[PDB]
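Before any comments, here is the structure.
Throughout, read-outs are computed from the coordinates displayed, never taken from laboratory work. Quick reminder, even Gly has a Cβ in these numbers, built from the backbone with ideal geometry, and neighbours come from all protein chains shown.
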Amino acid sequence: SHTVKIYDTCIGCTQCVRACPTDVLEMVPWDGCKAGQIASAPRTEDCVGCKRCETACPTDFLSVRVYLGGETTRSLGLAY
Amino acid sequence: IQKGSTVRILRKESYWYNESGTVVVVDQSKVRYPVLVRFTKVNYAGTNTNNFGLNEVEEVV
Amino acid sequence: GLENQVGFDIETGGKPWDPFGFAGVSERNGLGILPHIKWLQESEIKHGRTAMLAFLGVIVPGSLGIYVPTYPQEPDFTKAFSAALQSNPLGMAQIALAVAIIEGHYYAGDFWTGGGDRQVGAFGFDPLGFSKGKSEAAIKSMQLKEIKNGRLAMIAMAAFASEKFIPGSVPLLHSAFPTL
Amino acid sequence: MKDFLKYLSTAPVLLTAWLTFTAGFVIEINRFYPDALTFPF
Amino acid sequence: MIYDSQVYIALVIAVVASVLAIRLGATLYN
Amino acid sequence: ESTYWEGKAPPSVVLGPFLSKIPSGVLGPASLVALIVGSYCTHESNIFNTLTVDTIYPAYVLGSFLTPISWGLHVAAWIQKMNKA
Amino acid sequence: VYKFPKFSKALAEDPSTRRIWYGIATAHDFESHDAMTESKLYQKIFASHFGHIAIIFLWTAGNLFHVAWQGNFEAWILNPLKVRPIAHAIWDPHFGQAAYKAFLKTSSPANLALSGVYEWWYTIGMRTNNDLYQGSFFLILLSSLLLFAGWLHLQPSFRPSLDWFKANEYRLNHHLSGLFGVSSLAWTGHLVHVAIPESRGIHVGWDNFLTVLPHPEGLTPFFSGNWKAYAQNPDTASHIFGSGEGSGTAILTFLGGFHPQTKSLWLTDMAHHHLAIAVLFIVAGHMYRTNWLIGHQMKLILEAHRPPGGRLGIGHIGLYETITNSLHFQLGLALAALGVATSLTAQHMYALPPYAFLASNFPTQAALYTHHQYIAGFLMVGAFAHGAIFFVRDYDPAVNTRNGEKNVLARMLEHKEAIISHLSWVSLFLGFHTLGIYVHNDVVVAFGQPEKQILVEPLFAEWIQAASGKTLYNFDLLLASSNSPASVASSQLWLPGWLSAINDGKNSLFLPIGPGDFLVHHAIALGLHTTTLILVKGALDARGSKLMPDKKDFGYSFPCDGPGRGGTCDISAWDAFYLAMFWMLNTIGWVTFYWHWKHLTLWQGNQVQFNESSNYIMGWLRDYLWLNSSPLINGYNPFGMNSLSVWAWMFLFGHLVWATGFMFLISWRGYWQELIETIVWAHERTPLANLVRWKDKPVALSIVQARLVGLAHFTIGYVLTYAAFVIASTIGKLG
Amino acid sequence: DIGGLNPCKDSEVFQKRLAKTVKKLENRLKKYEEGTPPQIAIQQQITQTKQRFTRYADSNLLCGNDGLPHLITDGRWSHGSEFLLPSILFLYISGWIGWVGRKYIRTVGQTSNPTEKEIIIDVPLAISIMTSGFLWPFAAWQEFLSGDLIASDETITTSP
Ligand code: CLA
Ligand code: CLA
Ligand code: CLA
Ligand code: CLA
Ligand code: CLA
Ligand SMILES: CC1=C(/C=C/C(C)=C/C=C/C(C)=C/C=C/C=C(C)/C=C/C=C(C)/C=C/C2=C(C)CCCC2(C)C)C(C)(C)CCC1
Ligand code: SF4
């Protein structure tokens, strides 16, 4: 399964979570930004690696980073 | 630094590193990156603004 | 910087003559790639002294006919070097060794970036006490005279070379040194 | 004729005019002095 | 022209070099 | 140890524990003598007299090897002189 | 599906066919294997080296055996200029009677030998098919030795430690002195003892070598110091190679030039060369320090080399630990040196042929030059790729930095933009102007006015030729003058031989050059600069750029960084190698095209054809390719076939593999995954085939794998088609 | 002479080339009629060919063994009209172009909408700058002296 990391540059704009096609990211409470929220990656087993999450990231060099790793039938997007 | 001040970006992983920007607002709360800087050159993603920390910006004389 | 250095006089106003600003390119971009003003001044003194010596060495042998006894009698500086290189190889070898020793002792390599213990053309070398006790202005005037005479000798030697290469480049030259 | 002159000031029209003029004087130099392999002087 | 004995013993020696090769191959592990 | 240097001249340890103890007043003249001898040997084996199979003269050859050496000797002489030796 | 990539558990858990594909392509990347230490890495590399040397020796033994068994070496000895060497026999059941008849040579169908091994073995003193068999036997014995050593050094008590592997001074002393100098000394011993008398008709075998004196005086002059005695009475100008007629007694001489009969270097010249090289390398092998308190510690040498004014930063202080701890830095250095060395071999074995009767073997000359130049390009690209790998995975900025200031290597990443910008400027300059002059010549010649061509005489290169003695350009410079000190100095040693060879129209020694040579050399310079630009850009930008300032965190080879922020195709350092392989192939193609056309015109005699038509592109296309491709394509026609039929088949095969590479390069993934899904559905939903199901899920090749496969097809097709063309054209044009 | 070449005025192959070209043109001329425009055009071609060959012969041009003018670009002023003078001419023209482009970029770079003035050129300012490029060698060695030609550290750099 791929690896998804969140960095404290998160501004809690939720654009990553609402762009994930496989429900990998979610918004959790935080105290490091104005919005009081930070993205989390608790379901990386469903991560497919499409990187839509970091295409919607407005922070300078990203706050969500997807590191491709071992492959799985879920991560390979295999309907068969 | 304050609103309208000119600062140099010291963050290395920045599309505006070593460049000068205009401070839009410095937040007075306990946020990690309070300084908001606006630039004339859009980055590779199209944005022209970003939040920076207090130690990642250096005011121009 | 040029305002506080010897070399400018009434001939070019009162300002240091520098049309191309070559004295101020050392401080420009780069750690050091262009010579410092100290290196340029040492080059001044060296080139001027060499040019004065060369003017004497083309005038005295070629025109006046004075020759060292066991040396070729060639009144032509374009062939005298080779003629003496064959005729008296030991003399030319000793001259080259003396020149190399003199320059190595008076090395000017820290002048390129500016600095060093020596001054511009210091060289000690005051045997007959010409500057034994003098006012600072007098020493500066003597240095200015030396620099200007060196420039004049540079011009004379360049004129010699030009007339040898392009005939008629210096009109009065052959009427002022009637013999070769 | 205020916006038409501004239209003529656009990059494509100006580049086309300049390149047409450039090719024109090059072609006419080569017509009046053809087969110039070296400098005329 | 080389003889049958010359080629045969070269083949036999080549076999020995083959058994030494698999021993190195198996020692470099599966 | 610590052959690394940043001053005007390297420490004398870079010359090895045989040249580190030679006075500069010995290395200098020795370097000049070696350079002159090597140049003369090179100019006597060749240049002045053309080389031939019958004329090789190990003295001139070995001599000529003093020219490359001379370079090292006077470099060491300068290093010793600048290090107050 | 749980035990093929034993070295990688991540791959072994892949349910798709990608596991098998990646298992092959990651087998030799030992540093990335699971449960990996440095000691195991060096030990496995050591054993792999032993196996590799064994493979090389077995390959040479096979060549020797097949020449001895199915070749015509003995017949070729008696008539080297008419008999064509045979590589090995052919047994192919698909042959028709016509193919058997056409390939029939003596007793069985056989392949002509284009490796030049006949001339090489003849020169070193082989005259019998039993001498070759002895060499094959000995080489198989050596291969057995190396395999045994490789097995032994994986045993517990015989596995070397990291300190032994990283002992630089010991390895350098031994490699230099022992390997180079002692191997040169032994080669001089063989050259003299065997080769010198065998060229003079005296057989020196493994029986009468302890009793046949290589020199009549017999080691007396060496100890006595009368070393001139070994040079007295050299081979005369009427000496027949392999026979005592007109021979001499000297063993070490200066003669220069070539043998008057074989048109190759004197055997006594090469023995003297190897003796001098042996002495020099044995001397140089004592430089570094070992257990006897004298020598050099290279760490101190590197650290002490900082310019005092300061322009290289802190110098080379951190380079010792950088090179020692990285196997990719050393591999890159070795590959660059080997590439330069084999370029040297290619450039010197045609100008200065070292083997008897090899100058008149035109197909083997072309094959050898092309082979070595292609190997050179491969080695150079590999050197740069491993430099990039070192940057990605072995470079440590902390080691190469002292108190903020950076050492000589770390400073290469500071002005990396300057380096890349100037490489780009040089490449654009050369490309623009070389193409401009070539197209100007094309248009001007096409319009029927060739006099308006821009033809620049290569005066700088002709100046060098005159400096070496060529009196063809009327320069009278150094050796073209009889009064210059350069000529008087060697007038009695090697000029008469050298001048007689350089000033000869039948040699390849310093071939006469003209404007076509100028233009093609500028094309070669453009190719070299562009390949260097791609490789250097990939190496320096390997650790990151503006588009990917964390590229080092993704490794040397990764597909991309995604679809946003613009795009991100071919952004990895591996992709720079992949792109530079095309430019290396193009540059080597230009070099080999130039060499082959020049030598085809020289051999055929119509050197005026090259000198006139080589200045414009259509000249190349019409007079090299279209003209010399006629014999090759008529290797088989609707009327018959020739022994060149295999070369035409290889020509078409290379074209096919090239275009399949085009498939794999133009069409990317994603288009092949959906098609594979359709095929999967078809297989799953069809009776009589549902009984058979795959164990690994069939998936499309990965992006990096697809790039590699397309590059492999491109390169294999390129090499095969050009080898077929050059060989068949030379054979069919020059008899 | 230089590089083994010979002057084209004494090159037999050069005259052979001229004669062959003229003969081909005349043979083409034979198949047309009277003073018809095709014959006039072919006659003009013949005249231009003769003039070009005569000018190349009397031009200090060195011809090889193929009877074609070879360019001597080692730097000698004797053959200075082949490369050196065209080199100076191009350097002047290209420096003019680069200088006016750089001056326009730096001039509209200090306005409110620098990017707008790059697709829609300020033709008055463009004409003002373009005709001022005749002093580009002097302007360049008056801006380099003042330090206005080169940036120092405001230039951007990648991560490593
Ligand atoms: C690699 C060249 C080299 C180097 C690094 C040195 C270094 C040194 N020399 Mg020296 N020298 C050299 C060549 C060199 N020499 C040659 C060829 C001669 C003529 C025979 C001399 C004659 C000489 C004398 C007479 C004296 C020195 C002295 C010195 C020392 C300090 C003073 C000084 O530098 O002024 C001397 C500066 C020079 C002589 C300038 C030499 C410039 C060289 C020729 C340029 C070479 C650079 C070039 C790019 C190398 C190419 C590399 C590769 C392509 C082959 C110093 C250790 C002094 C000394 O011993 O102090 C105690 C001293 O009195 N040198
Ligand atoms: C690497 C060297 C090498 C190569 C490329 C070849 C190539 C060839 N040999 Mg051969 N051969 C070699 C060495 C080699 N030989 C040696 C050393 C011997 C002496 C034992 C022989 C004895 C031999 C005979 C007797 C015959 C051939 C034949 C042939 C041809 C058909 C293949 C065949 O039947 O192989 C059979 C080969 C053997 C029985 C000997 C083993 C070959 C070597 C020792 C193994 C090399 C392995 C290599 C390094 C890597 C292996 C990779 C593997 C793991 C996939 C082919 C041209 C046949 C032929 O001429 O047909 C026209 C044939 O009848 N060979
Ligand atoms: C005298 C002792 C000795 C000898 C003969 C060798 C020999 C060898 N060692 Mg070795 N080694 C030694 C001592 C020795 N070692 C010691 C003491 C150590 C411990 C410090 C090591 C540690 C060691 C390691 C760790 C490895 C080796 C390896 C090798 C092999 C290299 C591959 C090969 O076949 O190259 C053959 C090469 C030649 C015959 C010569 C090459 C000729 C070159 C290419 C031509 C150059 C000419 C010229 C310079 C070109 C440029 C032109 C010029 C103008 C510049 C080789 C057999 C490697 C190997 O393969 O292991 C099996 C390996 O991995 N050794
Ligand atoms: C002695 C030289 C040498 C050595 C020791 C290595 C060693 C290494 N290289 Mg390297 N390399 C070299 C030369 C060398 N290379 C050269 C010359 C090039 C330029 C072409 C490269 C380019 C290169 C790249 C681009 C990469 C490596 C990598 C690696 C590492 C893993 C290798 C691997 O996984 O193999 C895998 C082996 C294969 C996939 C087999 C490929 C076989 C090819 C396709 C040829 C087979 C087709 C054959 C000709 C069939 C003929 C067809 C017929 C019809 C005629 C390893 C440390 C990789 C790495 O990760 O390094 C850390 C990596 O990415 N190297
Ligand atoms: C010469 C180069 C070449 C070749 C051979 C092919 C071949 C093919 N392409 Mg194509 N393609 C090419 C270039 C080429 N392409 C390029 C440059 C592009 C870039 C735009 C594409 C883009 C492309 C797309 C987008 C598609 C194809 C498709 C196809 C396949 C059509 C089905 C077919 O005929 O399979 C039969 C195979 C052949 C005719 C190849 C030769 C097979 C021989 C003659 C018979 C079998 C030989 C035998 C098995 C050998 C066994 C011995 C061996 C093991 C040693 C086929 C594999 C389509 C596809 O997927 O297939 C439906 C498809 O959708 N191609
Ligand atoms: C990326 C990288 C890398 C790689 C690199 C490379 C690959 C390089 C290449 C390089 C090269 C490839 C180089 C080359 C060089 C060459 C040279 C340097 C040459 C020289 C020569 C000479 C000097 C000569 C001289 C002479 C003459 C000319 C004449 C004759 C005689 C004489 C000898 C005098 C590494 C890994 C390292 C690391 C990391 C980074
Ligand atoms: S890849 Fe990016 S987008 Fe697709 S799931 Fe994992 S996180 Fe959400």
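Structure notes:
- Sum of -39500 (n - 2.57) over DSSP H runs of 4+, divided by residues of the protein assembly as shown (222 nm, nearest 500): -16000 deg cm²/dmol
- Here the spin labels are modelled as points 7 Å beyond Cα on the Cα-Cβ line, and at G:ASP696 and G:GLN97 they lie 4.8 nm apart.
- DSSP bridge pairs, chain G: antiparallel proportion in percent, nearest 5: 90
- Note, ³J(HN,Hα) from phi for region G:243-250, Karplus 6.51, -1.76, 1.60, rounded to Hz, x at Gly and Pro: 9, x, 6, x, 7, x, 10, 5
- Selected from A:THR55, A:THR22, A:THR14 as most flexible by GNM, with chain A as the system and alpha-carbon contacts under 10 Å: A:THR55
- Percentage, to the nearest whole number, of Cα pairs in chain G over 34 Å apart: 60
- Residue order for F:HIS43, G:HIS348, G:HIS272, C:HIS105, fewest other beta carbons within 10 angstrom first, comes to C:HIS105, G:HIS348, F:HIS43, G:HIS272.
- For chain H: relative contact order, % (alpha-carbon pairs under 8 angstrom, 6 or more apart): 19
- Rounded tilt (10° steps) of H:37-57 against the dominant C-alpha axis of chain H: 80
- Considering only Cα atoms, the convex hull volume of region G:372-449 works out to 133 Å³ per residue.
- Diffusion constant of chain C at 37 °C, which comes from Stokes-Einstein with the Kirkwood Cα-pair radius and 0.692 mPa s, µm²/s: 171
- Proportion of all alpha-carbon pairs of chain D beyond 11 Å (%): 70
- Placing unit charges on the Cβ atoms of the charged side chains and taking the dipole of region G:598-714 about its Cα centre, the candidate lying farthest along the positive direction among G:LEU711, G:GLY654, G:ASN628 is G:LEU711.
- As a calculated quantity, the FRET efficiency between G:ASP394 and G:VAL1 at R0 = 35 Å, using C-beta atoms, amounts to about 0.55.
- Computed 3J(HN,Hα) for region F:51-57, one whole-Hz value per residue from the Karplus formula 6.51 cos²θ - 1.76 cosθ + 1.60 where θ = phi - 60°, is 6, 8, 4, 6, 10, 10, 6, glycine and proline marked x.
- Tilt relative to chain C, helix C:89-105 - C-alpha long axis, 0 to 90 degrees, to 10: 10
- Under the convention that each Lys and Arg Cβ holds +1 and each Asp and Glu Cβ holds -1, the size of the dipole of region G:49-135 around its Cα centre is about 220 debye.
- Pairwise Cα inverse-distance average, inverted: Kirkwood Rh of chain A (Å): 12.7
- Share of pairwise Cα separations in chain B, more than 20 Å, in percent: 16
- As a rough guide to protection, the peptides G:408-417, G:533-542 ranked by mean Cβ packing within 10 Å, highest first, stand as G:533-542, G:408-417.
- For the protein assembly as shown, share of DSSP beta bridges that run antiparallel, in % to the nearest 5: 95
- Its Cα gyration tensor gives region G:379-526 an equivalent ellipsoid; the semi-axes, largest first and in whole Å, are 42, 29, 14.
- Unmatched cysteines, the protein assembly as shown - criterion: no other Cβ of a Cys under 4.7 angstrom: A:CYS10, A:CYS13, A:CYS20, A:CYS33, A:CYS47, A:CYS50, A:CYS57, F:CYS41, G:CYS560, G:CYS569
- For the protein assembly as shown, the spherically averaged projection of the C-alpha convex hull amounts to 75.4 nm².
- The Rg/Rh ratio of region G:195-263, with Rg taken over Cα atoms and Rh as the Kirkwood radius over Cα pairs, comes to 0.98.
- Spin-label model distance (nm) - G:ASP34 vs H:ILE119, 7 Å beyond Cα toward Cβ: 5.6
- Scaled radius of gyration (Cα, divided by 2.2 N^0.38 Å) that region C:7-95 gives: 1.63
- Over chain G, Cα pairs under 8 Å with separation of 6+ residues give a relative contact order of 11 percent.
- Shown for chain G are the DSSP H helices of 15 Å or more along their axis, judged by Cα atoms, with a mean Kyte-Doolittle hydropathy of at least 0.5: G:129-152, G:267-284, G:327-351, G:362-393, G:416-446, G:515-540, G:645-666, G:703-733.
- Using equal-weight Cα scatterers in the Debye expression, the normalised intensity of chain F in log10 at q = 0.16 Å⁻¹ is -0.66.
- Under the convention that each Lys and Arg Cβ holds +1 and each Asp and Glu Cβ holds -1, the size of the dipole of the protein assembly as shown around its Cα centre is about 1320 debye.
- Peptides C:22-34, F:69-81, H:108-120 ranked from most to least packed by the mean count of surrounding Cβ atoms within 10 Å: F:69-81, C:22-34, H:108-120.
- Dividing the alpha-carbon radius of gyration of region G:126-231 by the rule-of-thumb value 2.2 N^0.38 Å gives 1.51.
- Selection from B:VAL26, G:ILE301, G:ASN233 lying farthest towards where the dipole of the protein assembly as shown points positive, charges on Cβ: B:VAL26
- Calculated FRET efficiency for the pair H:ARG106/G:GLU674, C-beta based, R₀ 41 Å, to 0.05: 0.20
- Label-point separation, G:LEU688 to G:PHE653 (7 Å along Cα→Cβ), nm: 3.6
- Normalised convex hull volume, region F:45-85, alpha-carbon set, Å³ per residue: 68
- Cβ charges +1 (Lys, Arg) and -1 (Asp, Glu), total dipole of chain G, debye: 1040
- Between the residues F:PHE48, C:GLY24, C:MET154, the greatest Cα displacement towards the positive end of the dipole of the protein assembly as shown, with unit charges on the Cβ of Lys, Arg, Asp and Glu, is found for C:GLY24.
- Relative contact order of region H:50-123, defined on C-alpha pairs under 8 angstrom at six or more residues apart (%): 13
- FRET efficiency for G:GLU13 and H:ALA151, using Cβ-Cβ distance with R0 set to 56 Å, rounded to 0.05: 0.60
- Cα radius of gyration and Dmax for region H:68-160 (Å): 18.5, 58
- Two-decimal ratio, region G:467-589, of alpha-carbon radius of gyration to 2.2 N^0.38 Å: 1.81
- Inverting the pair-averaged 1/r between distinct Cα atoms of region G:1-40 gives 10.3 Å as its Kirkwood hydrodynamic radius.
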